[PDB]
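Q: Mind folding the following:
(chains A and B)
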Amino acid sequence: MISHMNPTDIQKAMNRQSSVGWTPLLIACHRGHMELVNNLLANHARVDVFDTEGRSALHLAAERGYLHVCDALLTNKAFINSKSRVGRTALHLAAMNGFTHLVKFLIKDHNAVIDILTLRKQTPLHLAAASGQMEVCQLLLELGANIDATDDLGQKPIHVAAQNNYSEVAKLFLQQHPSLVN
Amino acid sequence: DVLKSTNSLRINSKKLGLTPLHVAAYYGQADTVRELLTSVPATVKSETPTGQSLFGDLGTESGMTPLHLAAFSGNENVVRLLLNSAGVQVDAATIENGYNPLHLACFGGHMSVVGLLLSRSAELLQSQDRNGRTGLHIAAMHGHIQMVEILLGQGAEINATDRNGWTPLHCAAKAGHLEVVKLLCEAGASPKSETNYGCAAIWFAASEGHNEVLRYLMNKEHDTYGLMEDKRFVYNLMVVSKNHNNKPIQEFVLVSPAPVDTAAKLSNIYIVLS
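A: Numbers count the residues shown, from 1 in each chain, chains lettered A, B, ... in the order given. Below is the structure:
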């Protein structure tokens, strides 16, 4: 109803940013109103907007874990392997916040790179082990990556698992025993 | 838009060999850049400038894509757009001068663009130019300190030669940026490191002024008996000692492993060169 009575300046409405730096793609993809995201992308809003934290709609929807919102973004030529101020990809946030279907959707459905480093040089297996999500790390090891890839502090993954003392995640990296990292 | 009705929007050769997308990518504003991405094929690697170029230290660059200039003036949002465009070409990025946009970020501070590019590519820390220089050489010889700190932070080989054998500590010593030399010495490069004419760091630190770089490098390890046979080094050490109250010649005597041999033999080299 608002999008009827403007000929082209709809885009001038859709390309503006909030005080945070948000476009309504960032808010709608931040909430997960899926049909609204289908409405905004049919109304051709630019997916390459960025907030003050350097984040795109894949980082917000991947942060809250919505499948068809990210699917709707990637149909609208969104860019996976974009990075934030911390250099976090969408796989980093989905691995941080426990969405295994979104991880399978990115890596399997859209060929996202597994071993993406942050600004702190962190793969999402131990950025996933930072929040300590066991089945997510089961999925990342089921897809396979460089386990003992050191971080900015030279951190093999069980070090980051031990800083936030998640015992079952260390039971995953050690009970499976793929790298002999005791 | 009104000129987009008529013009081809990638023209300029007279007095500047470039495109309007270079100028739009250079001075900032980003949605204008987006519209020019929809109108111009977005990676053109423009031309040689005629008469009088922009860019300061780049008096002439042949084939700069507009990713380079957005990497150059700082333009970080435009960097984020051009890293997500159709023709990105962050890796090859070749110029007749030889540079890559990480180096063009090194010509200024512009550490945000360095974070964007090293976060994006990361096969660019070890990217050498046509003259063999890396980014640590250019960040050294332009004296951007925290740029060198970040460039060691991502991790680069410090003892890395050019095609003539220049370590970046040679370029930092020749440019005489003292704190860059303190950073490279304090966490890295060996001062006993030659060149492809036979040199060291103190030969460049003596060849062009710079008493304090000369006393810092002279406090480090070096081969004096290889230095006193270089008569140009002896002459330039005389020249610097003339200006700086002949403390550095005293320092070159008192550092050497046999100070009496160095004072006596080097005094004879003075009298023979007289």
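Q: Can you name the residues of the stretch 101-250 of chain B that neighbour chain A?
A: Contact residues, the stretch 101-250 of chain B versus chain A (CB under 8 Å from any CB of the partner chain): B:115, B:119-120, B:122. For every residue, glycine as well, the C-beta is placed using N, CA and C.
Q: could the residues you listed go into a markdown table alongside distance to residue A:84?
A: Shown next, in a markdown table, are those (distance: CB to CB, whole Å):
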| residue | distance to residue A:84 |
| --- | --- |
| B:115 | 11 |
| B:119 | 9 |
| B:120 | 13 |
| B:122 | 16 |
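Q: and of these, the nearest to chain A?
A: Using CB to the nearest CB, residue B:119 is the member of those that lies nearest chain A, at 4.7 Å.
Q: which residue packs closest to the closest one, ignoring adjacent ones?
A: residue A:87 (4.7 Å; CB to CB, 6 or more residues apart in numbering or on different chains).
Q: So which other helices or strands are in contact with the lengthiest helix in chain B?
A: When chain B is parsed with DSSP state H, its longest helix is helix B:259-273. Packing partners of helix B:259-273 (3 or more CB pairs under 8 Å, 6 or more residues apart in numbering or on different chains; DSSP states H and E): helix B:231-243, helix B:247-255.
Q: In JSON lines, list those along with mean neighbour count.
A: Converted to JSON lines, those look like this (neighbours: other CB atoms under 10 Å in any protein chain shown):
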{"stretch": "helix B:231-243", "mean neighbour count": "16"}
{"stretch": "helix B:247-255", "mean neighbour count": "18"}
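Q: Any chance of CSV for the residues of the stretch 101-250 of chain B next to chain A, columns neighbour count and secondary structure?
A: Formatted as CSV, those follow (neighbours: other CB atoms under 10 Å in any protein chain shown; DSSP: H, G, I helix; E, B strand; the rest coil):
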residue, neighbour count, secondary structure
B:115, 21, helix
B:119, 20, helix
B:120, 19, helix
B:122, 13, coil
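Q: from these, which is closest to residue B:218?
A: Residue B:218 has its nearest neighbour among these in residue B:115, at 36.0 Å by CB to CB.
Q: Contacts only, for that closest one.
A: Contacts for residue B:115 (CB atoms under 8 Å, 6 or more residues apart in numbering or on different chains) come out as A:87, A:119, B:150.
Q: Near residue 67, how many other residues are there?
A: As the question left the chain open, I've gone with chain A. Using other CB atoms under 10 Å in any protein chain shown, residue A:67 has 16 other residues around it.
Q: please go with chain B instead
A: Neighbourhood size, residue B:67 [other CB under 10 Å]: 27.
Q: who in chain A is up against chain B?
A: Near chain B, when you scan chain A using CB under 8 Å from any CB, you find A:15, A:46, A:48, A:50, A:54, A:79, A:82-83, A:87, A:117, A:119.
Q: So among these, which ones count as buried?
A: With burial judged by 16 or more other CB atoms under 10 Å in any protein chain shown, the buried subset of those is A:48, A:50, A:54, A:82-83, A:87, A:117, A:119.
Q: Max pairwise distance over these: which two?
A: A:48 and A:117 (22.3 Å).
Q: Surely residue A:139 and residue A:100 touch.
A: Yes: using CB atoms under 8 Å, residue A:139 is in contact with residue A:100, at 5.1 Å.
Q: would a markdown table of the helices and strands packed on helix B:259-273 with distance to residue B:104 be doable?
A: Formatted as a markdown table, the helices and strands packed on helix B:259-273 follow (distance: least, CB to CB, whole Å):
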| stretch | distance to residue B:104 |
| --- | --- |
| helix B:231-243 | 33 |
| helix B:247-255 | 36 |
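Q: between the ones you listed, which gets nearest to residue B:174?
A: helix B:231-243 (12.3 Å).
Q: To residue B:185, which of the helices and strands packed on helix B:259-273 lies closest?
A: When the helices and strands packed on helix B:259-273 are compared by CB to CB, helix B:247-255 sits nearest residue B:185, at 14.7 Å.
Q: Between helix B:259-273 and the closest one, find me the angle.
A: Counting by axes from the mean of the first three to the mean of the last three CA atoms, to 10 degrees, helix B:247-255 lies at 130 degrees to helix B:259-273.
Q: by contact count, what packs against helix B:247-255?
A: For helix B:247-255, the packing partners by 3+ CB pairs under 8 Å, 6+ apart come out as helix B:211-219, helix B:231-243, helix B:259-273.
Q: okay if I get the ones you listed as TSV plus distance to residue A:107?
A: Below are the helices and strands packed on helix B:247-255 laid out as TSV (distance: least, CB to CB, whole Å):
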stretch	distance to residue A:107
helix B:211-219	51
helix B:231-243	59
helix B:259-273	65
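Q: Next one: the residue nearest to the spatial centre of chain B relative to chain A, how far apart?
A: Central residue of chain B (CA atoms, centre = their mean): residue B:138, 1.3 Å from the mean position. For residue B:138, the distance to chain A equals 22 Å [CB to the nearest CB, to the nearest Å].
Q: for that residue, helix, strand, or coil?
A: Taking DSSP: H, G, I helix; E, B strand; the rest coil as the rule, one finds residue B:138 in the helix state.
Q: show me the residues around it that make contact.
A: Residues in contact with residue B:138 (CB under 8 Å, 6+ apart) are B:103, B:106-107, B:171.
Q: Around residue A:66, how many other residues sit close by?
A: Using other CB under 10 Å, residue A:66 has 22 other residues around it.
Q: Was I right to think it contacts residue A:32?
A: Yes: contact criterion CB under 8 Å: residue A:66 and residue A:32 qualify, at 4.2 Å.
Q: Okay, residue A:110 and chain B: tell me how far apart.
A: Note on residue A:110: its distance to chain B, by CB to the nearest CB, is 15 Å.
Q: So what does that residue have for phi and psi?
A: Taking degrees, to the nearest 10, you get phi -140, psi 10 for the backbone angles of residue A:110.
Q: for it, what are its contacts?
A: Residues in contact with residue A:110 (CB under 8 Å, 6+ apart) are A:74, A:80.
Q: where does the residue nearest to residue B:136 when sequence neighbours are not counted fall, phi/psi-wise?
A: Counting by CB to CB, 6+ apart, residue B:136 lies nearest to residue B:168, which is 4.6 Å off, once chain neighbours are set aside. For residue B:168, the backbone dihedrals are phi -70, psi -20 (criterion: degrees, to the nearest 10).
Q: Could you check how many residues crowd around residue B:168?
A: 29.
Q: my read: it touches residue B:161, true?
A: No: using CB under 8 Å, residue B:168 is not in contact with residue B:161, being 9.6 Å away.
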